[PDB]
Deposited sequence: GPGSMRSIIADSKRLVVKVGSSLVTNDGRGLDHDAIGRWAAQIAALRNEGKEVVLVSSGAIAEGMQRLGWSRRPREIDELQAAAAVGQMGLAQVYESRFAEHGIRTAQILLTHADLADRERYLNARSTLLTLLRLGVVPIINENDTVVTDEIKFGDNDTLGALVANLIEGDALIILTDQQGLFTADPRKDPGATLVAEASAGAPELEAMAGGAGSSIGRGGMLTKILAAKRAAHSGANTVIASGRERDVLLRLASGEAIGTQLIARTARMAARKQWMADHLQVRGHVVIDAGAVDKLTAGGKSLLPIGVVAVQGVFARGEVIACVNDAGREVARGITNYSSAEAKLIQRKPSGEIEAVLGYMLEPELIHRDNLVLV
């Protein structure tokens, strides 16, 4: 059996607390260095990697002089805010040794339910990946505490995979994988995987991830060089395959969120760029703006004949689009007093027909 990771370019890697912390003595800096070295080697093979890592609370505890994990939520939130700085600094240092830049990101599930904040976060992350930066993502425990108690960032991992359209979510944990005999391969989202089973949340995370076409691997982080070995095509732990491909999931997602209160009409030059050139839709290609829409909504792109040729997430409101239509991107700032992205609809946020 070949690991699906060998054919996956964009990976979300989720590392459990137990793997990154030395129970009661803060962070295991050596283990983080090993993860950093592995991720660096993936990055040098051409993979795009986002890291979802726990350990903030344990580091916070150490820095505050607490020997025991606090039971009260406020002390947990405090420890998280104190520890987040340390956890990232360690990752930055170890990644710097390999010439890799990192970034800290804090998200909540709420943010991702809002159309504007979803797009803002997606755009941040895709831009960071384009620039070759490794984003490091955590929950914002100062404002949302739902996952602080019992969660270990499994749901966050799947949400991040959806958010960036990852090819695969890798959950590195203490357990070997799913047991019936260890299940080496199965279909993500299959009912019986739930019966067979914090394994359950990881299986549910795999189902959520498969909604966007992402596959999932659940493997022990105690396995030596586990990420390299998966990337080399060696199957380790349990591999769950999404039923739907990334582009088909994207088309369903666009249809699911499509609104028809407004749209844009685009010229032939823009139509050709979209259909043949694999390009973004720019303001200059917009001939008219009809109706109303807001940043982050899904709108139809209609040709002169009135046929829908594409649909995608708009970066700009209909009123903003009205102001900047037919203008080159370098003129947007003068017209609005600010600019957002140069594209009206980014290529990564649209589908044909």
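Several segments of the deposited sequence are absent from the coordinates, namely 1-4, 185-193, 211-220.
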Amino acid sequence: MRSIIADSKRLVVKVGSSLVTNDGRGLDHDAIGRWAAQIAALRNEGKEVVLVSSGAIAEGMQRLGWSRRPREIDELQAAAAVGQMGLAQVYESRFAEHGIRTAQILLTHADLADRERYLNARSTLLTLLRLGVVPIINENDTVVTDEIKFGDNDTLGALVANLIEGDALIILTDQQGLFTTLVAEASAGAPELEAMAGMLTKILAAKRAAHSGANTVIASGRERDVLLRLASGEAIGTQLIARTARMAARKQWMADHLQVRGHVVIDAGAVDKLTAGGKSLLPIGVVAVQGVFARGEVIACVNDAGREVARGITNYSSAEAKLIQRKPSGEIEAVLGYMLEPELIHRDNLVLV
From here on, numbers count along this sequence of modelled residues.
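Stretch comparison (111-119 versus 89-97) by mean CA B-factor in the PDB entry places 89-97 on top. For the pair 23-31 and 307-315, the mean B factor over Cα atoms is greater in 23-31.
Comparing the C-alpha B-factors of 15, 336, 11, 345 in the entry, the top value falls on 336. When the C-alpha B-factors of 154, 194, 141, 225 are read from the PDB record, the largest value belongs to 194.
When the CA B factors of the chain's modelled residues are split into thirds, the value for residue 163 lands in the lowest one.
In this PDB entry, residue 59 carries a Cα temperature factor that places it within the lowest third of its chain's modelled residues.
The entry lists a Cα temperature factor for residue 207 that places it in the lowest third of the chain's modelled residues. Ranked by C-alpha B-factor against the other modelled residues of its chain, residue 261 falls in the highest third. Residue 124: CA B factor lies in the lowest third for its chain, per the PDB record.
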